[PDB]
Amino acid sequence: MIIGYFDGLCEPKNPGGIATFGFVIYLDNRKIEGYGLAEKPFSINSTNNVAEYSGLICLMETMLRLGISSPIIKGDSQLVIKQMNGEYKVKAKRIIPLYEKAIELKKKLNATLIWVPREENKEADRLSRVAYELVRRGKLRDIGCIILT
């Protein structure tokens, strides 16, 4: 089985800050890293949960594109994980579309989502920060997934 991690952040304020994300996929002898921007910088729609859902979505879309199946997905966002696993309801208008897309990917991948403490998700956190810094430098300005070669 393959394991992947996802993270998202929104600084310096939430909502209304810069929302970026990061993810990592661990293959047999290779590590795939990615990150990105989740919403317009300093937009009212920019929130931590939007960033976290976006990281989850990019992680799963990448796994699907690669042909990975039945993976284990880990993250420290209990909010996202509990909504995805059906314990928490989703009503936030901005979250609804992200949740529905994530659910379809989860089903297509037959992925299992598991929560881990923040101290165990430092890799994906590092990537979210990389994207954050690129946004501040004007080097990241499109909403979408970025996968490092």
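Each residue number is its position in the shown sequence, starting from 1.
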Would you mind comparing 31-39 and 116-124 for me and telling me which has the higher average C-alpha temperature factor in the entry? 116-124
Would you tell me which stretch averages the higher CA B-factor in the PDB entry, 62-70 or 46-54? 62-70
By the entry's values, the third containing the CA B factor of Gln83 is the lowest
Entry-reported Cα temperature factor of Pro12, expressed as the chain third it lands in: middle
